[PDB]
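One chain comes next, on its own, written out as structure tokens in the form solved without (3R)-thiolane-3-carboxylic acid (XH7).
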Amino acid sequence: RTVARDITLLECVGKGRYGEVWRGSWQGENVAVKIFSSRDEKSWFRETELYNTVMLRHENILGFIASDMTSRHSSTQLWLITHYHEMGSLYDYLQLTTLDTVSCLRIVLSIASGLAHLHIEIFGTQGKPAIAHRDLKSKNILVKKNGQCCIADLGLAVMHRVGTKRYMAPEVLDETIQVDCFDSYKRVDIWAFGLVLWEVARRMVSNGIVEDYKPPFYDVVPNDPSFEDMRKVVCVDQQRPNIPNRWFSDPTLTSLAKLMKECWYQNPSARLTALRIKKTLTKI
């Protein structure tokens, strides 16, 4: 038998500290190829150990194809291969596109479905450990053609500090997080989910009105904010993203505002669960 292992790299769709993502081809089929920098090599190891422990399969989790370590000439290449989503990140999609009730709710409910699946322990040989993502953000969510999203990048994921500073929960920023308690990392995911909810809601049209794309805390921190910039805003001043007046003239945005507030409590144990959010979004 021949093992057809030739992947053609076609175009780079992302470059960063993490390394690079490429649109690739494997046997006519579109694949996404992440090439890790030496700087991010631990993320390849952590994600490969996760998938070697539990082979995640969910419509709202980026679909795993392969982890490859190759010997280059003097160096080790680390590759992650996943399904390819031509529409790109939620971050990219929201920049140019506005949403209606249906497309807005489809997006946020699919993210909550994916996050609930990560979070839940399922018992049995066909089951899974509970997983906290710890790096949820709009760049780590991909849009599918059927209008649902999938959660990506399990490089920081933990099975039962780190992440993007702009999305870090206050207990992470002020280092009060109960590091030994697995529920702590679920609570950090809910915080970041609340912020993504905010980024999506802004782009949903109501009464002829929409806000432009902005990242969380765009009005109170610079680009590439420092730990200290984030700690002062989120922990010391306890600021939270603005809810515009126009959202209170729409039933959906009014419900989404309530949900994001219940993601943003300074007290982590006061925050909604992914499962409670999935239910509330299904009712909206």
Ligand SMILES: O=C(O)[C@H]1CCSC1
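One-based numbering along the sequence shown.
In what follows, reference is made to the form deposited with (3R)-thiolane-3-carboxylic acid (XH7) bound, a form of this protein that is not presented.
- Not displayed here, (3R)-thiolane-3-carboxylic acid (XH7) is approached by residue 116 to within 4.5 Å at the level of heavy atoms in the deposited complex.
- Remark: residue 246 does not count among the residues lining (3R)-thiolane-3-carboxylic acid (XH7) in the deposited complex, judged by a heavy atom distance of 4.5 Å or less.
- Of the heavy atoms in residue 219, none are within 4.5 Å of (3R)-thiolane-3-carboxylic acid (XH7) in the deposited complex.
- Contact check for residue 41: a non-hydrogen atom falls within 4.5 Å of (3R)-thiolane-3-carboxylic acid (XH7) in the deposited complex.
- For the options 210, 102, 181, 122, the residue carrying a heavy atom within 4.5 angstroms of (3R)-thiolane-3-carboxylic acid (XH7) in the deposited complex is 122.
- Of the stretches 202 to 210, 189 to 197, 173 to 181, 108 to 116, only 108 to 116 has residues with a heavy atom within 4.5 Å of (3R)-thiolane-3-carboxylic acid (XH7) in the deposited complex.
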